[PDB]
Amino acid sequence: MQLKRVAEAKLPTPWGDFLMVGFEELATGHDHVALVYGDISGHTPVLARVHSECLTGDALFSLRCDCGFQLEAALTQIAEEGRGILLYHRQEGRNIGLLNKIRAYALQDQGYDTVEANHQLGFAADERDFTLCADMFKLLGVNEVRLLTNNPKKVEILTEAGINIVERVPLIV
């Protein structure tokens, strides 16, 4: 356990109420958050989406990526399921940070794609640590998970990070 559950409140949205849970990294103090829809108790695998924070897409209407659409789509599918979870993993730009993501777009505003745009900035393809997400699930009393994703390689990674993914689920975007 690298996180601690520090608080929760009712988050009213156009899909209904979500229980929003605040998490704090024990070692850094960094925050992360989860949105719980419905009753997640029960031996029934829980439908969940692991979303990595993307300021530009998530809040600034960026068309340069589909993060915002994926975010809305996940909440919708979770609402339609009536029971689910969305982990808002606050590791901006694949854990390199917002500023680095901007200077990556700055380089992409020249040609080079995502991969070499980071090797140039000193980072690898993906610098993220999903064990934190596994910790959030644990703190939420969640075991078996039906993961919302269109990338099969993600399931390999998240289960690898310690998440008991018993089933996959495509995202409508």
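Each residue number is its position in the shown sequence, starting from 1.
Higher mean CA B-factor, judged across 151-159 and 12-20 from the recorded values: 151-159.
The mean Cα B-factor in the deposited entry runs higher for 102-110 than for the other of 53-61 and 102-110. Between the residues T44, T131, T28, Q70, it is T44 that shows the highest Cα B-factor in the PDB record.
In the deposited entry, the Cα temperature factor of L171 places it in the highest third of its chain's modelled residues.
Remark: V33 belongs to the lowest third of its chain, ranked by C-alpha B-factor as recorded.
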